[PDB]
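Read through the structure below, which is laid out as structure tokens, and then see the notes.
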Amino acid sequence: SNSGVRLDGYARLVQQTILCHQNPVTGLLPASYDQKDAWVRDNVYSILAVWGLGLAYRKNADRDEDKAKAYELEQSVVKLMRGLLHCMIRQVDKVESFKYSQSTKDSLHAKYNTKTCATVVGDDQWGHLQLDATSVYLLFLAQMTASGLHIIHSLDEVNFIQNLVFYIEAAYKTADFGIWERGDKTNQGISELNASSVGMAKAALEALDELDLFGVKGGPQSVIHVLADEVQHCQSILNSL
Amino acid sequence: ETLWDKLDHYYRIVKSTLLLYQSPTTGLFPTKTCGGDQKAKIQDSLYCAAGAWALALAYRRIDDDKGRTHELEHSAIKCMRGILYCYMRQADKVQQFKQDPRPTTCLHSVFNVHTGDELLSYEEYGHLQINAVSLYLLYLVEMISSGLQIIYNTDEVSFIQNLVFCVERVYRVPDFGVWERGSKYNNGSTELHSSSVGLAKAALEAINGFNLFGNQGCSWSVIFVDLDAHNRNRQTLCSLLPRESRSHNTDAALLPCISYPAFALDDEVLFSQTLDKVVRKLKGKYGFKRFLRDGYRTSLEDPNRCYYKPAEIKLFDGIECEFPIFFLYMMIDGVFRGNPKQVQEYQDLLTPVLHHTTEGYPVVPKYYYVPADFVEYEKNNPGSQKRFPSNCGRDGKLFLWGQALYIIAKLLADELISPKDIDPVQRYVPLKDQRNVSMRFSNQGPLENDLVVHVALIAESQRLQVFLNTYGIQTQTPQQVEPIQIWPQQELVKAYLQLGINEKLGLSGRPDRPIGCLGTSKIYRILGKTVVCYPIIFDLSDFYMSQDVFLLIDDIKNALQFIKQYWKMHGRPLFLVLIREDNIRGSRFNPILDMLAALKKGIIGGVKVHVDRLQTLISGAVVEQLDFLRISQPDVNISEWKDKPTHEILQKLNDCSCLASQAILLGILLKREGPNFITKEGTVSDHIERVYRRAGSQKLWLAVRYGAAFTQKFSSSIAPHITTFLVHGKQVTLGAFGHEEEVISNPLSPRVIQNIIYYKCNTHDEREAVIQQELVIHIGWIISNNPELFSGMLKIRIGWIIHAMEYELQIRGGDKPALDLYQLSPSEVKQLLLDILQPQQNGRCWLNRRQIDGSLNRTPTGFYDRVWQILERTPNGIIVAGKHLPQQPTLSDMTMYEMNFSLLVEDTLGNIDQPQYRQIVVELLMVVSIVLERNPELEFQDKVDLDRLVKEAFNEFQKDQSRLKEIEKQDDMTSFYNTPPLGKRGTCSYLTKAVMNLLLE
Amino acid sequence: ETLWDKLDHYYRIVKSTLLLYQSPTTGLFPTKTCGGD
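Protein chains in written order, with the authors' numbering: chain E, 5 to 245; chain F, 43 to 674, 711 to 1079; chain B, 43 to 79.
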């Protein structure tokens, strides 16, 4: 059929463009070019294509080969998201320090490394403040949890996610470098509030209101609890600016 | 000695006994090995083929078999192909039986062996037998699962599907039985048999979800099954399991159905009880008899009367033949159950009776008979004398079925094979593996029931959705589930109807039948689109009880209980519920909140439920696939307005607003002019439908009932109720009180029953049709959920029950005029019926209680046996209401527990006009029975006149009342009715005094 | 006592002895339960 031919062509294009540099074990694709680093934002945004391909392939599979292909795509995106979660969970001290007071020194690094998931730069050689990346990551994680892709295994990860919720819950009064990593309009960056980060964080906070991470087979303690005042404050700030 | 000698000896035995007389033209064995008989059965050839297949399976274990296995596989395949060709030769009969089953349209079971054509007319053999087809299907699926190939092309798949469709409805049509005689009297009547139902159920389990092409198959080798038919077969088997038939207390034919061929009794305790009863009641020195009082080819039997005369069965007892073939079945059961002692004891018992050929080959004679010089001596001493071998025990005549069973039993005993090899499908499992099987036991274990059922909530309108949300109720509109589609029940029925159509032969597919709740509980995929349906309770119904929310609460609760009890599929069932905006209707909006809040709580009367978004439940669940489609008060009186002209009636209809007058005018117009007349609002039928729907919307019950009677609509569930009433043992009679009544003793087609009831309705009254329908549905529901309530009643009559609750309501009204029952709500009608059905207590007048008991035709427990013992000890007989019950015919025809004696007693007792008089007579009979049983010295000198005894008791009561209360002689015995039977001076004392007066004289 | 009590007791002992010392980073148990090996 024509639909099968189009799906095969799209799968070939995706394989030749994205999947060539998946970097297994770690599961993080390089952030293009010969820089040898893994930016969180681009790595999260580089997944919607394969996720949509798998979602479209699942509903019309009805065959061993197509079901296997959908299995492979879903397990690949699960691998990538687990790789994302590992690097963040390796830095619990940083988020614990950031939970009290706000400072640039106690913030998570924005550019993680390749295999062994180490640090590449110090705390005084890059702007390590990007709430938008964490917000969009949490929002998309909630979305794929809703679709039915298991991403969470251990209960301690639920506690880490709850801590990160408080880590990003103060985005309406916290200044950041920005999406472009250049501070304000000019150079010599000074932290300044931007509406994009607040809009990114508001939907992420709204998404995880009741969505359990254990699927339909969860328990009494399987959901993330969020407030509502912060959402209203973010909405008011966005409307004002 | 190695295995070679034993296998060679078995080969010689088979060649000299079994395969010698095989017909090369057709591959099917005949019934007679001498005289050139041209008749053949189906059971013997199939059993011989199974024995050959088992021998070949045993011989397969040698890599140097020299082609011995190949010949046996080829012979079995040829026999199966010949039987399939013979079955498919007759095609019109299958199509006819699929629509109107009857002995005329029955599939032929006996035909000539030389050309595979019919030889004897159906008027001399019946040809109605369904056990053979079920056993053939089971053996065919067993052989295919073994690894053999029998099906050639796709037309055979369609033929198998049509055979399954035709056999699905075996739970209603009576059969001729395994022995072809059926009733013990042998008069030409068909009755239900439990063995046939068990075999059909086993085949239905076996054929479900199986690839018919063997190793390879994608979508053209599967068979689809309906769960409702399997459930009904299971219920019928369970109800009719203790007794094989109403006329047979026990029979030897119950053995191959609770044994290796079937393995269908998974109850342990009841299976053991039945086995012990059969062994105790049918054990014999030379084998197992067919059944008691069986005059089958005995010495007194003569070949001049096909049907036995009455009272001949009494003379035929004591000379029953012996069949040693059942010893092999018992030995097979013993080895299957791992009880060596039983195997040894039956082998030692079978050793002396066995015969030998000229070469010493074993012989199993068919039956044993007694010479004519020991006819009377054997009666005095059972089994002390010796019998004589039959003709097929010396030379020239054999028994292929018996020899095949003997060799199978010997092969099983010699440990040459294993029980797993002979049962590749795992028909029999032990107690420790009944944990995660399909269609038999649940994952929770046999003695556990804690199933959790999923429930999905779907709204109907956005306004209703937001109204529910304002109160905290969460429902989703149908427009927000765009990927998911919700279809009614008719679409699935149409899709099933489209299946199973063949043009080469002519196939109509699955008949248009409604789908049960279990079938709709699944999720289907049609043309790549998921299809979900809701139970038929939610769809709009023209009837009136669907507008009562209490009835809906009760029926959804009953459906939930049914789903909980009879769900065995893997995965949780799916339940869909819809709420309509017209349902609340203002003040009737609170109890809906109550039920929905209870549903949200999690528990509904001890049944656990789950509620969530439909899309979440759909994802991660198994979806059924249907891939065949792509391949393929009134101011008008009747008397006053009867003679009015047509134009006046039309004007009155046009300018009147009352519903009752409009309905009566429409009825007069229909009766006089006809349904094709044209009125101001279109055709007569359209106007009647419109006014009926308007009455239903306004819910005024009398007008709705009148319109329903006009529309001639009937419920599609009367047949299950009548069939379960018949299988229970009770009887139902349709008619009106004080008028003609029709009695039903066997299941009938819906057309005949509909015609009879509609003719009766046209004869006597107007709305009794809908009242009778509501009464029968309520009674069936109550007996299904509370079977113990209807204990003591045999003949169920709707009209008498109607008169009963009418009398009770009139009594309750008292000074207030009695309310009309046509205007009663369904909840009030149900409450009244449940109140009258109650076992009744004191406080109220005993005359009313006796009237209610007599109207219900209630009988005391043990009344039938007491009557039988009285009749045994009554030399003359009992005469009542002018009817006579001679002792000699009832003693020489019937037995202790036979149902026809009870039927005759009920017919004799049904001539009593006053139900209270009948109750008093029954109590007097019980008193007489107890008194006579307690003392054997006193015996009756002549026939007793119970009317005389009742008159004497009434006169004695009159004298006592005159002595005590100074009451003069008053006519009628209603004063006797008012007095309770027990107390200071009860009726029992007067009955005992009359009894002693009769005994003394 | 139903199976729930025994299963709950097994859950408590497993939580108190086995799953208590699981490492969230790698999911591998250590060879010593004390001293921070």
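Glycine included, every Cβ here is placed at the ideal spot set by N, Cα and C.
For a contact meaning CB atoms closer than 9 Å, what does residue i contact in chain B?
i            : result
residue 93/E : 66 and 67
Whose Cβ in chain E lies nearer than 9 Å to the Cβ of residue i?
i             : result
residue 662/F : 152, 219 and 220
Mind listing the chain E neighbours of residue i? Cutoff is C-beta to C-beta under 8 Å, in chain order.
i             : result
residue 658/F : 220
What's the call for residue i, buried or exposed, on a 16-neighbour Cβ count within 10 Å?
i              : result
residue 286/F  : buried
residue 176/F  : buried
residue 1075/F : exposed
residue 829/F  : exposed
residue 140/E  : buried
residue 408/F  : buried
residue 44/F   : exposed
residue 114/E  : buried
residue 304/F  : buried
residue 936/F  : buried
residue 894/F  : exposed
residue 66/F   : exposed
residue 980/F  : buried
residue 21/E   : exposed
residue 559/F  : buried
Whose Cβ in chain B lies nearer than 7 Å to the Cβ of residue i?
i             : result
residue 160/E : 66
Could you pull the DSSP bridge partners for residue i from this structure?
i             : result
residue 617/F : 497/F
residue 955/F : 964/F
residue 819/F : 813/F
residue 430/F : 411/F
residue 651/F : 495/F
residue 574/F : 528/F
residue 761/F : 756/F
residue 667/F : 567/F
residue 51/F  : Its beta-bridge partners do not exist; DSSP assigns none.
Exercise. Would you mind listing the beta strand (DSSP E) stretches within the region 131-159 of chain F that are 3+ residues and don't spill past its ends, in chain order?
Key: none
Quiz item: So, do the region 489-496 of chain F and the region 595-615 of chain F have three or more beta carbon pairs nearer to each other than 8 Å?
Solution: Result yes; three or more Cβ-Cβ pairs closer than 8 Å.
Self-check item: Continuous alpha helix (DSSP H) assignments of at least 4 residues falling wholly in the region 855-910 of chain F
Solution: Inside the region 855-910 of chain F, DSSP marks whole alpha helix (DSSP H) runs of 4 or more residues at positions 876-891, from first to last along the chain.
Exercise. Would you list, in sequence order, the uninterrupted alpha helix (DSSP H) runs of no fewer than 4 residues that lie entirely inside the region 335-359 of chain F?
Key: As far as the region 335-359 of chain F is concerned, its whole alpha helix (DSSP H) runs of at least 4 residues are 354-358.
Quiz prompt | Touching by the beta-carbon criterion (3+ pairs, under 8 Å), the region 430-437 of chain F and the region 210-218 of chain F | solution = no
Practice problem: Report yes or no: do three or more beta-carbon pairs, one from the region 563-575 of chain F and one from the region 746-761 of chain F, lie closer than 8 Å? | Solution: no
Quiz item: Would you call the region 198-218 of chain E and the region 134-149 of chain E touching, i.e. three or more CB-CB distances under 8 Å?
Solution: These segments touch.
Quiz prompt | the region 83-93 of chain F / the region 63-72 of chain F touching (three or more Cβ pairs under 8 Å) | solution = Flag = yes, the region 83-93 of chain F and the region 63-72 of chain F touch.
Quiz item: Which parts of the region 32-59 of chain E are runs of the alpha helix (DSSP H), unbroken and 4 residues or longer, counting only runs that do not cross its ends?
Solution: 44-49
Practice problem: Decide if the region 578-596 of chain F is in contact with the region 773-785 of chain F; the criterion is three or more beta carbon pairs, one per stretch, under 8 Å apart. | Solution: Flag = yes, the region 578-596 of chain F and the region 773-785 of chain F touch.
Quiz item: With a cut-off of 8 Å, do at least 3 Cβ pairs link the region 62-78 of chain E to the region 162-171 of chain E?
Solution: no
Exercise. Count the C-beta pairs between the region 952-963 of chain F and the region 899-911 of chain F that are closer than 8 Å, then say yes if the count reaches three, no if not.
Key: No: the two stretches stay apart, fewer than three of their Cβ pairs being nearer than 8 Å.
Quiz item: Are the region 365-375 of chain F and the region 386-396 of chain F in contact at 8 Å, needing three or more beta carbon pairs?
Solution: yes
Quiz item: Quick one: any contact between the region 313-327 of chain F and the region 290-299 of chain F, if contact means 3 or more CB pairs under 8 Å?
Solution: yes
Quiz prompt | Cβ contact (3+ pairs, closer than 8 Å) linking the region 554-569 of chain F and the region 144-159 of chain F | solution = Under the Cβ criterion (8 Å, minimum of three pairs), the region 554-569 of chain F does not count as touching the region 144-159 of chain F.
Practice problem: Tell me the start and end of each unbroken beta strand (DSSP E) in the region 499-569 of chain F that is at least 3 residues and wholly inside, in chain order. | Solution: For secondary structure counted as the beta strand (DSSP E) over 3 or more consecutive residues, the region 499-569 of chain F holds these complete runs in sequence order: 566-568.
Quiz item: Quick one: complete alpha helix (DSSP H) runs, 4+ long, within the region 717-750 of chain F?
Solution: When DSSP assignments are scanned along the region 717-750 of chain F, the uninterrupted stretches of alpha helix (DSSP H) that are 4 or more residues long and fall wholly within it turn out to be 724-733 and 737-750.
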